[PDB]
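In the order they appear, the protein sequences are chains A, B, C, D and E.
Our numbering applies: residue 2 is where the first sequence begins, and numbers increase by one.
Our numbering applies: residue 2 is where the second sequence begins, and numbers increase by one.
Our numbering applies: residue 54 is where the third sequence begins, and numbers increase by one.
Our numbering applies: residue 3 is where the fourth sequence begins, and numbers increase by one.
Our numbering applies: residue 100 is where the fifth sequence begins, and numbers increase by one.
For each residue, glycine too, the CB sits at the ideal point set by N, CA and C.
These notes are about the structure you will find just below.
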Amino acid sequence: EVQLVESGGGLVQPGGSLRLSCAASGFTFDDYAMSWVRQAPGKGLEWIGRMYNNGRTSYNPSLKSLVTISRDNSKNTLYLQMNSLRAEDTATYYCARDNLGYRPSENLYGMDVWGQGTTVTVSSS
Amino acid sequence: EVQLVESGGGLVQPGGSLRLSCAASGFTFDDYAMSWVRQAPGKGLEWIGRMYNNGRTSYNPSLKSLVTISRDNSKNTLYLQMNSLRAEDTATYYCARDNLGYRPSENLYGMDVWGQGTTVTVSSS
Amino acid sequence: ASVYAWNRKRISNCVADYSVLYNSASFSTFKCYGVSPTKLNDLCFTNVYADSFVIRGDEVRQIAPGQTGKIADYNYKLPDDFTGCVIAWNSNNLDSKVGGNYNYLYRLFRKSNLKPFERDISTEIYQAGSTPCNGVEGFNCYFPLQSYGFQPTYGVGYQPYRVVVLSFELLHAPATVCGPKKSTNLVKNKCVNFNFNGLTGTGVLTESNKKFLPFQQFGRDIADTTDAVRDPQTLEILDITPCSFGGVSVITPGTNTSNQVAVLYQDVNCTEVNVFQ
Amino acid sequence: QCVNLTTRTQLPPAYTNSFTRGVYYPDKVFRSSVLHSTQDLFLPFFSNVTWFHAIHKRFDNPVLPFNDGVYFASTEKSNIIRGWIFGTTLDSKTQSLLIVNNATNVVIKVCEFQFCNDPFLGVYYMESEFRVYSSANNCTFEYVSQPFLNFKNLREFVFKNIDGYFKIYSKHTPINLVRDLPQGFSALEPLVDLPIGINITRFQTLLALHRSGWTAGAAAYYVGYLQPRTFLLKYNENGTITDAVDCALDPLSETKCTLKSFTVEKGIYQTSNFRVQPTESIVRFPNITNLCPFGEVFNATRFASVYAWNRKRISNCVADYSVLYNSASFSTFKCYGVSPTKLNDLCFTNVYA
Amino acid sequence: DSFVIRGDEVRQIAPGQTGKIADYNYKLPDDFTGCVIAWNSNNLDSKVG
Ligand SMILES: *[C@@H]1O[C@H](CO)[C@@H](O[C@@H]2O[C@H](CO)[C@@H](O)[C@H](O)[C@H]2NC(C)=O)[C@H](O)[C@H]1NC(C)=O
Ligand SMILES: *[C@@H]1O[C@H](CO)[C@@H](O)[C@H](O)[C@H]1NC(C)=O
Ligand SMILES: *[C@@H]1O[C@H](CO)[C@@H](O)[C@H](O)[C@H]1NC(C)=O
Ligand SMILES: *[C@@H]1O[C@H](CO)[C@@H](O)[C@H](O)[C@H]1NC(C)=O
Ligand SMILES: *[C@@H]1O[C@H](CO)[C@@H](O)[C@H](O)[C@H]1NC(C)=O
Ligand SMILES: *[C@@H]1O[C@H](CO)[C@@H](O)[C@H](O)[C@H]1NC(C)=O
Ligand SMILES: *[C@@H]1O[C@H](CO)[C@@H](O)[C@H](O)[C@H]1NC(C)=O
Ligand SMILES: *[C@@H]1O[C@H](CO)[C@@H](O)[C@H](O)[C@H]1NC(C)=O
Ligand SMILES: *[C@@H]1O[C@H](CO)[C@@H](O)[C@H](O)[C@H]1NC(C)=O
C-alpha cells in the first residue's frame, strides 16, 4: 500500500535549523516526482518545493533562501533541511507524490497521494 | 522429469483413519488440477476426488463422507486423510494430474501423468 | 470483475473528457476501432457502455474484433462491427499476491462459442469426454471456471492486466454523452458551418414545419444527407438548406479579339450575388 | 411462494390472421414522403398468429419458443397482462429476464430467478399477491421506468435480441372491436433498448388473477414470430409510416418491391428467379480395394525383440484405421500429432510399422 | 536522425503513430520514406544506480 509517513516536527528555536523526513513505503523515488507543501493555520496549502527522479530540485522563489530538499535512495526517503525558522514558518508540512502520469480528477493541487504531515512551531520556548 | 510418487499405504484396522501422501516432483500445484483415483482388485479405476489450484475440492458423491484432499504448497505435496476404512476400501490408490490442456487423443481417464500408486488393505490383522 | 462475469456500466448524461485518458501514459494498450482516438472529444455518443474485467498479460491480443482463443470464444466476444476503444494496463502491483491471487477466474471450457456481448455465469460441470457428467465431476468432468495464479514473480504476459472496453453508438439516436466542446449561439437564416452533436456540415438553418417523434434526432433526404435536425438545447426542428451553389459560365469572344468577359450565374437570382436577370 | 392452478379447462390454442400488423420503425431517423426498402427481422403479412385467451375457465400461460423475435399483441381491458419472462431454462441454472408492470412502476431485472411453474400476479376484490420467483441471487441489470400500459385497448410489442441488445418496440391503440385483431396498419415506435446480454430461447406471459379460488379477467393476446425479410415502407409528408409492402408475400407485392413503387402500370415485369433447392447429397467414390496388410502385422505368429525391432513399410494401399481404434483387443492406443478419428480423413506418406 | 528511447516505445517510431514520443518528441510524416532502425543498448546506456 502506497503510504507516506513524515517525521521530525516539534518545537524549534528562532534562527536554528531543523531536518524533516519523508520516509516512504510502497513505492520508490526512481520514477516519481515528490513535492513538499506547507499549511499555515490561517492560510491554504503553499507549495514549497519539488524533487525529481534525476536529482533536479525546484523551490518556491519566495522560500529558496532557507529550504533544501535531498534524497536518500538507499533508504528510499526524502529529506528537508530547513534553516532560519521564523514565526511564519510555523506550519504543518505535507510530503506528497506528483501524479504526472494520469489526472483522474481535475485536482487543483495535482497530487494523487498525500502524507499525514508533521507540525513545526517557532516561538520562545 | 515429471514424476508422481505416493506413500503411506499398508495395513489399517476397520473404523480407523489413514493419511496418504502424493509428494510431487517436477511440477507444482499452483497451476494444475490434481486427482485421486482408486482401483479395486475386481473392478476398474474409480475416481475419488479432485483438488483445484485455487483450493477448490470436489469428491465422489458416494465417497464424500470419508475422504479429505488437502495440499501443502510449501512442500508441493498432496494429502488424502481417509477415515473409517471398511472392507471395500481395500484399493491401490493412484494420484494423477488432470489434463486441462491439449489432449493428443481421446482419454478414458483424462490424465496426462500417473503415479505408481500405494496399496491399502483392510482386514483383521 | 472476472472475465467470465465481466462488469458492464452504463455511461450516460455526462460530459466525457477523453483527452485526459488518451494522453495518460498509464495505459499500455489503447486500441480504438471505428473511431479515431483524437476525434473522441469532437463527437457526441449515445449508449456508452464500459465493460471491465481482468485478464492475463498475453491475452490482451484477444480483446479485438475477429480474434480467437479461450477469452474471445468462451469469456468475452466482441462483434466484427465493433466501434469503441479497448484500454488495458498492467495491474501487477494491485492484483497479484505473494502466494497467488485466485479471485480472478476465466471460463476454460464451454460447449459453444459466445455471441458478441453475451455474458455466461453458468457453472455446470463440463463434459470433456464420452461419459456424461450428470452435474457431477468425475473422469473428464470439470468445473468450467479456472482461476489465474497471479504472483508478482511471474513474467510480463502471465501478469494481470485490467481491461476496460468502451462501446459507443455513432450518431443515430439522441445523444447523452458529449465531449467538452462549448456550445455557441444559434444563428438562423445565414450560410454557416454547423456542428450538431458531432454532426458537422455547412448550410442555412431555417425554422421547420416537420414534427419529429421523440426518438428522432435528425432527418435524411434521398441522398442520405441531413436535411432536418433537432437542436439539442431548445427542442425545435430546423431545415438545413445547402448554401447556394450556382454554375459560373464565362461568356467571352476570342482572346485574339478582346479580353472582356461576362459571367453567368446559372439559376441564381441577381440579388444574392451591368446586371441583367 | 408458488401455487399450482388446478381449475383450468383443457382447450387447444387458437390461430388467426396477422393482417398487416407488426411493422416497426427500423431506425431512429426521420424520413418524409419517401419509399424506403429495409431488410430486418419483421413479422410477415397475413401470417398465422397464435391466439391465447383469459376468460371464465381459460388461463393461458404456456411455454413458448422465442426464436428470432416475438410480436406480442394484446386485446386488453381492465389490466390483466402485466409482464414477460425471458430465458433459456427459466431456473437458477441460467440467467433470466423479468419485465413486470405492477400497481406502481415498471421493473426490468436480469437475475437468476428460481421461477415458479405458474408465475402470476393477483388482484383482490388492490394488488396483494405476487408469485413469480422464489429467489434471486446474482443480479446484473436493473431498470425502473414509467408505466408502459368488450376489449378497449390494443397493445403491440416487438421483442428482438441482437448482439446482447434487447429491443422493445411498442404501440398503444384505442380500439372498440370485440374479439379478434382489427384489420389495419399501425407502425410500432421504439420503446426501449436494454443491454441485457443473455441467451433467450423461451418466454412466458405474466397474467393477474382476480380473487373474491381464482377468477381470470377477460383478456386476449397473440404471439407471432419474426423472420428476416424486406419491407418497402412508405413515409408520408408527416414522417409517419402509413403503408408497407411485404417483398416476399405474393408476386404483386414483389413487383411493387422490385419497381420501388406502390402502383404498378399494366405490363410484364421480370421480378424474380425460380430456383430448385438441392435435396440430397450424393458422394460417389470408387471401390475400396487393395487393403493394407494390417492383418499380417497385428496377427503375426512371431514378433521381434525390442532390441531387434522389426520395421515394415506400409504403402500403396488403403488403410482402414476405424477397425483398429474401435477394436477392444488393444489395451494401449496413444496417438501423437493426429487424432484417431481423423486418421481415415487424411492421406499419409512414408507409413512405417 | 539518432536518439535513445524506451524499449516499448519503438512501436511509436512509425508514420501515423501517437504517444508521448510521436506527438511531443519526434513526429514522422504520413508520407515518410526511409528506414527506422533500432537496437537494444542496455549494456551501453544503463548504469547500476
Ligand atoms: C406446480 O406444478 C409443477 C409441475 O408438476 C411442480 O414442479 C415439480 O415439482 C416436483 C416437486 O419436487 C419436482 O419433483 C418436479 O421436478 C417439478 N417439475 C418440474 C418440471 O421441474 C411444482 O413444484 C408445483 N408447485 C408447487 C408449489 O408444488
Ligand atoms: C484513486 O484510488 C486511490 C486508492 O484506491 C486513492 O488513493 C486516490 O485518491 C484515487 N484517486 C482519485 C482521483 O480519486
Ligand atoms: C442458447 O440456448 C440454446 C438452447 O438453450 C442453445 O442451443 C444455444 O447454444 C445457446 N447459445 C449460446 C451462445 O450458448
Ligand atoms: C437545457 O437543455 C434541456 C434539454 O437538453 C432543455 O430542456 C433546457 O431548456 C435547456 N436549458 C437552457 C438554459 O438552454
Ligand atoms: C395455423 O396453424 C394451424 C396449426 O398450426 C393450422 O391448423 C391452421 O390451418 C393455420 N392457419 C392458416 C391460416 O394457415
Ligand atoms: C412493484 O414492484 C417494485 C419492485 O420490487 C416494488 O418496490 C413495489 O413495492 C411493487 N409495488 C406493488 C404495489 O406491489
Ligand atoms: C451466483 O450465486 C451463487 C449463490 O448465491 C454464488 O455462489 C455464485 O458465486 C454467484 N455467481 C456469480 C458470478 O456471482
Ligand atoms: C399531415 O399533417 C397535417 C397537419 O400538420 C395534416 O393536415 C395532414 O392531413 C397530415 N397528413 C397525413 C397523411 O396524415
Ligand atoms: C486378428 O484375429 C482376430 C480374431 O478374431 C480378428 O477378429 C481380427 O480381425 C484379426 N486382426 C486383423 C487386423 O485382421
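- Item | Under 6 Å, CB to nearest heavy atom of ligand 4: contacting residues | The answer, residue by residue, is C:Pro285, C:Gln286.
- Should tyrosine 338 (chain D) be flagged as near chain B, meaning a C-beta pair shorter than 8 Å? Answer yes: the Cβ-Cβ gap between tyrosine 338 (chain D) and chain B drops below 8 Å somewhere.
- Taking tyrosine 17 (chain D) and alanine 189 (chain D) to be in contact with their CB atoms under 8 Å, please state how far apart those CB atoms are, rounded to whole angstroms. Distance from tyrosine 17 (chain D) to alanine 189 (chain D) at the Cβ level is roughly 24 Å; contact not present, criterion being Cβ atoms closer than 8 Å.
- Message: Can you tell me which residues fall inside 5 Å of ligand 1, judged by beta-carbon distance to its nearest heavy atom, and keep chain order?
- Response: Here the list is D:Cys4, D:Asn6, D:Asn119.
- Give every residue of the same chain whose Cβ lies closer than 8 Å to the Cβ of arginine 84 (chain D), excluding the five residues on either side of it in the sequence, and list them in chain order. These residues qualify, in order along the chain: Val102, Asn103, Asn104, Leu123, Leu208, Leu209, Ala210.
- Under 8 Å by beta carbon: chain C residues contacting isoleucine 200 (chain D): Ordered by position in chain C, the residues that pass the 8 Å Cβ test against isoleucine 200 (chain D) are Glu171, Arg172.
- Do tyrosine 214 (chain C) and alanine 141 (chain C) come within 8 Å of each other at the CB atom, strictly closer than that value? Less than 8 Å separates the beta-carbon of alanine 141 (chain C) from that of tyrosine 214 (chain C).
- Message: Assuming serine 137 (chain D) and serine 94 (chain D) are in contact, meaning their beta carbons sit under 8 Å apart, how far apart are those beta carbons, in whole angstroms?
- Response: Going by Cβ atoms, the distance from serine 137 (chain D) to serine 94 (chain D) rounds to 7 Å, so yes, they are a contact pair.
- Item | Boundaries (first-last residue) of the beta strand (DSSP E) holding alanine 25 (chain B) | Taken as a continuous stretch (DSSP letters only), the beta strand (DSSP E) holding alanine 25 (chain B) covers 18-26.
- Take the Cβ of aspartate 100 (chain E) as the centre, count every other Cβ of all protein chains shown within 10 Å, and call the residue buried at 16 or more, exposed below. By the Cβ neighbour-count rule, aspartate 100 (chain E) is exposed, with fewer than 16 other Cβ atoms within 10 Å of its own.
- Message: Any heavy atom of ligand 3 closer than 7 Å to the beta-carbon of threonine 90 (chain D)?
- Response: Yes, since a heavy atom of ligand 3 falls inside the 7 Å radius drawn around the Cβ of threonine 90 (chain D).
- Report yes or no: do three or more beta-carbon pairs, one from the region 330-347 of chain D and one from the region 98-111 of chain B, lie closer than 8 Å? Yes: the two stretches touch, three or more of their Cβ pairs being nearer than 8 Å.
- Task: Identify every run of the alpha helix (DSSP H) within the region 79-104 of chain B, keeping only runs that are complete inside it and at least 4 residues long; order them along the chain.
- Result: List check, alpha helix (DSSP H) in window: nothing returned.
- Query: Using a Cβ cut-off of 7 Å, which residues of the region 79-112 of chain A contact any Cβ in chain C, in chain order?
  - Reply: Result list: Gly102, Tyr103, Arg104.
- Task: Please go through the same chain and pick out, in chain order, the residues whose beta-carbon is closer than 6 Å to the beta-carbon of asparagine 250 (chain C), but skip the five residues on each side of it.
- Result: Taken in chain order, the residues that qualify are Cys97, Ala228, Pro285.
- Message: Pairs of beta-carbons, one from the region 16-25 of chain B and one from the region 81-96 of chain B, closer than 8 Å: are there three or more?
- Response: The region 16-25 of chain B vs the region 81-96 of chain B: in contact.
- Query: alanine 138 (chain D): beta carbon under 7 Å from a heavy atom of ligand 6?
  - Reply: Proximity of the beta carbon of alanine 138 (chain D) to ligand 6 is not indicated: no heavy atom of the ligand is located closer than 7 Å.
- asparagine 238 (chain D): CB within 7 Å of a non-hydrogen atom of ligand 8: It does: the Cβ of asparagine 238 (chain D) is within 7 Å (strictly closer) of some heavy atom of ligand 8.
- Boundaries of the alpha helix (DSSP H) in which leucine 254 (chain D) is found, first to last residue: Annotation for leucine 254 (chain D): the continuous alpha helix (DSSP H) segment containing it runs 253-261.
- Query: Taking the alpha carbon of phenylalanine 296 (chain D) as the point to measure from, which residue in D:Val278, D:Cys319, D:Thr257, D:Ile284 has its own alpha carbon closest?
  - Reply: The residue among D:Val278, D:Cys319, D:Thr257, D:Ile284 with its C-alpha nearest the C-alpha of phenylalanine 296 (chain D) is D:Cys319.
- In DSSP terms, what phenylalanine 335 (chain D) is bridged to: For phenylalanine 335 (chain D), DSSP assigns no beta-bridge partner whatsoever.
- Task: In the DSSP assignment, find the unbroken alpha helix (DSSP H) run with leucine 143 (chain E) in it and report its ends.
- Result: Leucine 143 (chain E) -> alpha helix (DSSP H) spans 141-144.
- By the criterion of Cβ-Cβ separation under 9 Å, what are the contact partners of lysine 126 (chain E) in chain C? Going along chain C, no residue has its Cβ under 9 Å from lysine 126 (chain E), so there is no contact; the nearest lies around 14 Å.
- Item | Where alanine 78 (chain C) meets chain E, residues with beta-carbon distance less than 9 Å | Within chain E, the residues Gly118, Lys119 have their CB atoms less than 9 Å from the CB of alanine 78 (chain C), given in chain order.
- Item | Pick from B:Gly111, B:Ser26, B:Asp99, B:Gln40 that is closest to residue 128 (chain B), judged by C-alpha positions | The structure shown does not extend to residue 128 (chain B), since chain B is modelled only from 2 through 126, so no value can be given for it.
- With a threshold of 16 other CB atoms inside 10 Å of the CB of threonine 8 (chain D), please say whether the residue is buried or exposed. Its Cβ having fewer than 16 others within 10 Å, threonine 8 (chain D) is exposed.
- Query: Under a Cβ-count criterion, where at least 16 other Cβ atoms within 10 Å of its own Cβ denotes burial, should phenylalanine 329 (chain C) be classed as buried or exposed?
  - Reply: Residue burial annotation: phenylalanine 329 (chain C) is exposed, with fewer than 16 other C-beta atoms found within 10 angstroms of its C-beta.
- Grab the span of the beta strand (DSSP E) containing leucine 234 (chain D) for me, first residue to last. Note, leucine 234 (chain D): beta strand (DSSP E), 229-237.
- Message: Given this structure, state the Cα-to-Cα distance separating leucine 235 (chain D) from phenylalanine 271 (chain C), to the nearest angstrom.
- Response: Cα to Cα, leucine 235 (chain D) sits roughly 18 Å from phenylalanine 271 (chain C).
- Contact with chain B by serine 136 (chain D), beta-carbon distance below 8 Å: Not one chain B Cβ lies under 8 Å of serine 136 (chain D).
- Item | Euclidean distance between Cα positions of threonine 119 (chain A) and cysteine 23 (chain A) | Between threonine 119 (chain A) and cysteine 23 (chain A), the C-alpha separation is close to 10 Å.
- Taking the CB atoms as reference points, tell me whether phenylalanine 268 (chain C) and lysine 30 (chain D) lie closer together than 8 Å. The Cβ atoms of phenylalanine 268 (chain C) and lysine 30 (chain D) lie closer than 8 Å to each other.
- Query: Does the distance from the CB of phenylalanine 106 (chain C) to the CB of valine 56 (chain C) come in under 8 Å?
  - Reply: Contact flag set, yes.
- Item | DSSP state of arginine 157 (chain D) mapped onto helix, strand, coil | Assigned with DSSP and collapsed to three states, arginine 157 (chain D) falls in strand.
- Query: Got a sec: which bits of the region 89-108 of chain C sit with their beta carbon under 8 Å from any beta carbon on chain E, in order along the chain?
  - Reply: The residues in question are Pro90, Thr91.
- Query: Taking any Cβ of chain C, which residues in the region 94-113 of chain D have a Cβ under 8 Å from it, in chain order?
  - Reply: Shown in chain order are the members of the region 94-113 of chain D whose Cβ falls below 8 Å from a Cβ of chain C: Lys95, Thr96, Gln97.
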